[PDB]
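Engineer: Here the sequence shown stands for residues 2 to 195, 201 to 381, 389 to 391, where the numbers follow PDB author numbering.
The structure under discussion is supplied below as structure tokens; questions concerning it will follow.
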Amino acid sequence: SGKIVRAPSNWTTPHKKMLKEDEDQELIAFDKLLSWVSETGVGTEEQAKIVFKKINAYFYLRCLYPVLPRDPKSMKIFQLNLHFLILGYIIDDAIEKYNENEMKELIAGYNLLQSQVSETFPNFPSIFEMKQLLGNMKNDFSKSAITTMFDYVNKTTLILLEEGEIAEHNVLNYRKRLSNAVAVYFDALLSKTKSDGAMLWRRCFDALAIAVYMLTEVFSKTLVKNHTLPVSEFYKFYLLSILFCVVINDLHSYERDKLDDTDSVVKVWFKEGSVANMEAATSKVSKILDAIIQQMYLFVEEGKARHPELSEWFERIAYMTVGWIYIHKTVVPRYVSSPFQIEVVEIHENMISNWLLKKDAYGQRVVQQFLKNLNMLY
Ligand SMILES: [Cl-]
């Protein structure tokens, strides 16, 4: 085939087991999501139910975290982020239609509240109190968008503070980086209202993916372990993994992206004339995805050698990366129906070295040019 993506067999084992599980209704806590709908002013009960089914939201998040720790902190942050996946989707559906001035107004409201809210640590204001703080806004939905973002960041902070296991300065650093991710998400939307590489880099932030990647730090206890991995290296892993998501998503969304002005690497190839058909486009996508998995494997193995105390974190990033395959091929209805898909070939342990040696020039060039972006989220 020309559509093959190679991946280590043991990078897919957790997902295969997870997809046989029943939905965990107690963990989903749908009634608690409905309470948050009412409190935030985002969505309705009916809309929350429709979005949950459209995303297949529980299995969507479990594809990213097929191994999920059961300590209370991890369970609480998983549940909060499952609920925020729903509200964030509804917020995104609304504000991606904002024009430039509406996005600037939204960003200004978010930035006005940032210090006065964060400086109340650990006694954060409720959504009601925060809505009173905001100045008049021309678009009324913006107040609900802003205070939902803050309530999510505040609730995250309070979960991490529970029982004092994580030192406060690390809780606050995580909070700041999560708020940074929200700010860069808004900025990415603003940019779209006004090169190929800058377009691709923008695609890494236009869906707040960093927020779900940061959960790996909670689940694998990197906020409590003393380690020598600088924060910049965390984001190397995050952004390489996000690139995988962007590229496979562009393949599965092309039939829709064809018809609107959404950015897509497949659309760029057709516009520049570098692919003549979807067979060629799928081949190019497979070479990129395949190269990312090779580069991720090398980063994971080098990370484990240098920082053995973070071995679990490195592995979980690998699983999260493979999770995007299952999200697009198995879990999300609108992605599963794409006639344009890649095919996974599993690499067994005996063949790992020979797999890594066999590289593709095109896929490697895309990955190497992308990683040059790394040389504000943190
Ligand atoms: Cl501003």
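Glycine included, C-beta positions come from ideal geometry on N, C-alpha and C.
Thinking C-alpha only, which one of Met357, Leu245 and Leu65 is nearest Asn82?
Structural biologist: Working through the sequence shown from its first residue, we reach residue 82 at position 81. That would be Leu65, whose Cα lies nearest to the Cα of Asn82.
Engineer: Are there 16 or more other CB atoms within 10 angstroms of the CB of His258, so buried, or fewer, so exposed?
Structural biologist: Position 252 of the sequence shown holds residue 258. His258 comes out buried.
Engineer: Is it the case that the Cβ atoms of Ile294 and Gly369 are separated by a distance below 8 Å?
Structural biologist: On the sequence shown, residue 294 is found 288 positions in, with the first residue counted as 1. On the sequence shown, residue 369 is found 363 positions in, with the first residue counted as 1. Result yes, Cβ atoms of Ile294 and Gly369 sit closer than 8 Å.
Engineer: Just to confirm the assignment, what range does the alpha helix (DSSP H) spanning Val338 have?
Structural biologist: Numbered from its first residue, the sequence shown carries residue 338 at position 332. Counting along the chain, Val338 falls outside any alpha helix (DSSP H), and DSSP gives it neither H nor E.
Engineer: Which residue from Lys77, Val183 and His170 puts its Cα closest to that of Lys156?
Structural biologist: Position 155 of the sequence shown, counting from 1, holds the residue named residue 156. It is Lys77 whose Cα lies nearest to the Cα of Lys156.
Engineer: Which residues in the same chain have their Cβ closer than 6 Å to the Cβ of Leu135, if we skip the five residues on either side of it in sequence?
Structural biologist: On the sequence shown, residue 135 is found 134 positions in, with the first residue counted as 1. Cβ within range, chain order: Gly110 and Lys144.
Engineer: Applying the criterion that 16 or more other CB atoms from any shown protein chain within 10 Å of the CB defines a buried residue, is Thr45 buried or exposed?
Structural biologist: Indexing the sequence shown from 1 puts residue 45 at position 44. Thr45 is exposed by the Cβ-count criterion.
Engineer: Which residue wins for smallest C-alpha separation from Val154, given the options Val218, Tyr59 and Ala204?
Structural biologist: Residue 154 sits at position 153 when you count from the first residue of the sequence shown. Residue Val218 is the option with its Cα nearest to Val154.
Engineer: Tell me which residues share the same chain as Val118 and place their Cβ nearer than 6 Å to its Cβ, disregarding the 5 neighbours each side in the sequence.
Structural biologist: Sequence index remark: in the sequence shown, residue 118 carries index 117 (1-based). Taken in chain order, the residues that qualify are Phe151.
Engineer: Does the contact criterion of 3 or more C-beta pairs under 8 Å hold for the stretch 299 to 310 versus the stretch 274 to 291?
Structural biologist: Short answer: they don't touch.
Engineer: Could you please give the first and the last residue of the uninterrupted alpha helix (DSSP H) stretch that includes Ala311?
Structural biologist: For the purposes of this step, residue 311 is taken as the residue at position 305 of the sequence shown. Residues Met284 to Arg312.
Engineer: Taking a contact to mean a Cβ-Cβ separation below 8 Å, would you say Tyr325 touches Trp37 in this structure?
Structural biologist: By one-based count along the sequence shown, residue 325 stands at place 319. By one-based count along the sequence shown, residue 37 stands at place 36. Taking 8 Å as the Cβ cut-off, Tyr325 and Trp37 do not qualify as a contacting pair.
Engineer: Going by C-alpha to C-alpha distance, which of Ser2, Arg7 and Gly3 sits closest to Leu363?
Structural biologist: Start at 1 with the first residue of the sequence shown, and residue 363 comes out as number 357. Closest option to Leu363, Cα to Cα, is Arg7.
Engineer: State the start and end residues of the unbroken alpha helix (DSSP H) segment that holds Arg371.
Structural biologist: On the sequence shown, position 365 is the one that residue 371 refers to. Start and end: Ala367 to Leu377.
Engineer: Given this structure, state the Cα-to-Cα distance separating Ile348 from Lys195, to the nearest angstrom.
Structural biologist: Your numbering for residue 348 matches position 342 in the sequence shown. Your numbering for residue 195 matches position 194 in the sequence shown. Roughly 34 Å separates the two Cα atoms.
Engineer: Rounded to the nearest angstrom, how far is the Cβ of residue 393 from that of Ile56, given a contact under 8 Å?
Structural biologist: In the structure as shown, the chain begins at 2 and stops at 391. Residue 393 is therefore absent and cannot be evaluated.
Engineer: Looking at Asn181 and ligand 1, is the gap between the Cβ and the nearest heavy atom below 7 Å?
Structural biologist: For the purposes of this step, residue 181 is identified with residue 180 of the sequence shown, where counting begins at 1. Not under cutoff, so the answer is no.
Engineer: Among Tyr99, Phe225, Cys210 and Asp263, which one has its Cα closest to the Cα of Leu191?
Structural biologist: Taking the sequence shown and counting its residues from 1, the one referred to as residue 191 is at position 190. For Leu191, the nearest C-alpha among the options comes from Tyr99.
Engineer: Report the start-end ranges of each beta strand (DSSP E) in the stretch 76 to 152 that is 3 residues or longer and not cut off at the edges.
Structural biologist: DSSP runs (the beta strand (DSSP E)) wholly in the stretch 76 to 152: none.
Engineer: With burial defined as no fewer than 16 other Cβ atoms inside 10 Å of the residue's Cβ, what is the status of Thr121: buried or exposed?
Structural biologist: Residue mapping note: residue 121 aligns to position 120 of the sequence shown, counting from 1. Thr121 is exposed by the Cβ-count criterion.
Engineer: Within a Cβ cutoff of 6 Å, which residues of the same chain sit near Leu229, ignoring the five residues on either side of it in sequence?
Structural biologist: Position 223 of the sequence shown, counted from the start, is the residue given in the question as residue 229. The residues are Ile167, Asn171 and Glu223.
Engineer: Return the CA-CA distance between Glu169 and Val253, expressed in angstroms with no decimal places.
Structural biologist: Start at 1 with the first residue of the sequence shown, and residue 169 comes out as number 168. Start at 1 with the first residue of the sequence shown, and residue 253 comes out as number 247. Straight-line Cα distance between these residues: approximately 37 Å.
Engineer: Could you name the residues of the same chain whose beta carbon sits closer than 7 Å to that of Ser2, not counting the 5 residues immediately before and after it, in chain order?
Structural biologist: As a position in the sequence shown, residue 2 is number 1, starting the count at 1. For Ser2, where only same-chain residues beyond five positions count, the Cβ hits under 7 Å are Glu349.
Engineer: When the Cα of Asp267 is compared with those of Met205, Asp366, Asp141 and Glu318, which residue comes out closest?
Structural biologist: Position 261 of the sequence shown holds residue 267. When only C-alpha atoms are compared, the closest one is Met205.
Engineer: Looking at C-beta atoms only, is the number of pairs between the stretch 320 to 339 and the stretch 14 to 29 that lie closer than 8 Å three or more?
Structural biologist: Counting Cβ pairs under 8 Å, three or more are found: they touch.
Engineer: Apply the 10 Å Cβ neighbour rule to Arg63 and answer buried if 16 or more other Cβ atoms are within range, or exposed otherwise.
Structural biologist: Taking the first residue of the sequence shown as position 1, residue 63 is located at position 62. Buried, since its Cβ has 16 or more Cβ neighbours within 10 Å.
Engineer: Tell me whether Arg322 sits in a helix, a strand or coil according to DSSP, three-state version.
Structural biologist: Taking the first residue of the sequence shown as 1, we reach residue 322 at position 316. Reduced to three states, the DSSP call for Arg322 is helix.
Engineer: Find the nearest neighbour of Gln80 within the set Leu173, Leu35 and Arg312, judged by alpha-carbon distance.
Structural biologist: Here residue 80 refers to the residue found at position 79 of the sequence shown. When each option's Cα is compared against that of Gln80, the closest is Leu35.
Engineer: In angstroms, rounded to a whole number, what distance separates the CA positions of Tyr332 and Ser344?
Structural biologist: The residue labelled residue 332 in the question sits at position 326 within the sequence shown. The residue labelled residue 344 in the question sits at position 338 within the sequence shown. If I take the Cα positions, the gap works out to 13 Å.
Engineer: With distances taken from CA atoms, which of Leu162, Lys4, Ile298 and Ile160 is nearest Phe376?
Structural biologist: Your numbering for residue 376 matches position 370 in the sequence shown. Among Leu162, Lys4, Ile298 and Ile160, the Cα nearest to that of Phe376 is on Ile298.
Engineer: Which of helix, strand or coil does DSSP assign to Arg7?
Structural biologist: For this step, residue 7 is matched to residue 6 along the sequence shown. Strand at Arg7.
Engineer: What residues are listed by DSSP as bridge partners for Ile353?
Structural biologist: Along the sequence shown, read from residue 1 onward, the residue named residue 353 stands at position 347. Per DSSP, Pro9.
Engineer: Quick check: does the Cβ of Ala58 come within less than 7 Å of any heavy atom belonging to ligand 1?
Structural biologist: Locating residue 58 in the sequence shown gives position 57, counting from the first residue. Not under cutoff, so the answer is no.
Engineer: Please determine whether the Cβ atom of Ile108 lies at a distance below 7 Å from any heavy atom of ligand 1.
Structural biologist: Residue 108 sits at position 107 when you count from the first residue of the sequence shown. Yes, the beta carbon of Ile108 sits closer than 7 Å to at least one heavy atom of ligand 1.
Engineer: Less than 8 Å between C-beta atoms, sequence neighbours within five positions excluded: which residues of the same chain meet that for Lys242?
Structural biologist: For the purposes of this step, residue 242 is identified with residue 236 of the sequence shown, where counting begins at 1. Correct list, in chain order: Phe305, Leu377 and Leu380.
Engineer: Report yes if the CB atom of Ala146 is closer than 8 Å to the CB atom of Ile92, and no otherwise.
Structural biologist: The sequence position of residue 146 within the sequence shown is 145, counting from 1. The sequence position of residue 92 within the sequence shown is 91, counting from 1. Cβ atoms of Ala146 and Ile92: closer than 8 Å.
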